[PDB]
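Now for the letters of each chain:
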Amino acid sequence: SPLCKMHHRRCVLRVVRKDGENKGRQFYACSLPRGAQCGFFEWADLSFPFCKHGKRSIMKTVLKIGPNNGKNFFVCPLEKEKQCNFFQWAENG
């Protein structure tokens, strides 16, 4: 995932609710305590590599109980029958 340039640390993930070309995009922001923060924001789309179709991957979450429950992963945005054999785990720490 991307990191802000000031703290080199992932802090929180937000979604753009404003309309515009970036409507619905995911981005990281700082959630450090008062006194420390940065006005840097990072597009979370940068964390998704290309998939085998030459299209951006998207984030989904594991809902199945197990040691990987709650972990996020990257998969293809096409439907199950048109997905590529491309899967990547996202950082859980």
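What counts and what doesn't
- Residues numbered from 1 in each chain as written, not as in the entry; some residues may be left out.
- Heavy atoms only, no water.
- Helix = DSSP H or I, 4+ residues; strand = E, 2+ residues; numbered from the N terminus.
- Buried < 20%, exposed > 50% of the residue type's maximum accessible area, 1.4 Å probe, protein only.
- Contact = heavy atoms within 4.5 Å.
- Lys, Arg positive; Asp, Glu negative; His and termini not counted.
- Charge placed at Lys NZ, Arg CZ, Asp CG, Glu CD.
- Pairing = 2+ DSSP bridges.
- Domains from an automatic or database assignment.

## A look at the overall build of the chain
On a plain count of helices and strands, the chain comes out with 0 helices and 6 strands. Seen in sequence order, the chain has helices and strands lined up from the N terminus as β-β-β-β-β-β. When the backbone C-alpha atoms are referred to their principal axes, the chain occupies close to 50 × 35 × 20 Å. Residues counted as buried form 26% of the 93 residues belonging to the chain. Considering only contacts within the chain whose residues lie at least 6 apart along the sequence, 29% involve residues at least 24 apart. Between the centroid of the 17 positive side chains of the chain and the centroid of its 7 negative side chains there is a distance of 5 Å.

## A few points about the pairing of strand β5 (residues 72-75)
As defined by bridge partners, strand β4 (residues 58-61) adjoins β5 across 4 bridges and the pair is classed as antiparallel. If you follow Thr-61 over to β5, its bridge partner there is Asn-72. Two strands pair when backbone bridges link them, and β5 and strand β6 (residues 88-89) are joined in this way by 2 bridges, in the antiparallel orientation. By the bridge assignment for β6, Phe-74 is matched with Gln-88.

## Considering the sheet that holds β4
Here 3 strands make up an open sheet; going across it, the order is β4-β5-β6 and the pairing antiparallel. In this open sheet, the two strands that pair with only one neighbour each are β4 and β6.

## Details of the domain arrangement of the chain
Under the domain assignment, the chain is made up of domain 1 (12-46) and domain 2 (48-93). The gap between the C-alpha centroids of domain 1 and domain 2 is 21 Å.

## Some thoughts on the sheet that holds strand β1 (residues 12-15)
Strand order in this open sheet of 3 strands is β1-β2-β3, and the pairing throughout is antiparallel. Looking along the sheet, the strands with just one partner apiece sit at the ends: β1 and β3 (42-43). With 4 bridges connecting them, β1 and strand β2 (residues 26-29) associate as antiparallel partners. Considered in β2, the bridge of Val-15 is made with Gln-26.

## Considering the environment of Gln-88
Tracing the chain through its elements places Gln-88 in strand β6. When the C-alpha positions of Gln-88 and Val-75 are compared, they lie 6.9 Å apart, and in sequence the two are 13 residues distant. With residues up to four places along the chain from it excluded, the contact list for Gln-88 reads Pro-49, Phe-73 and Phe-74.

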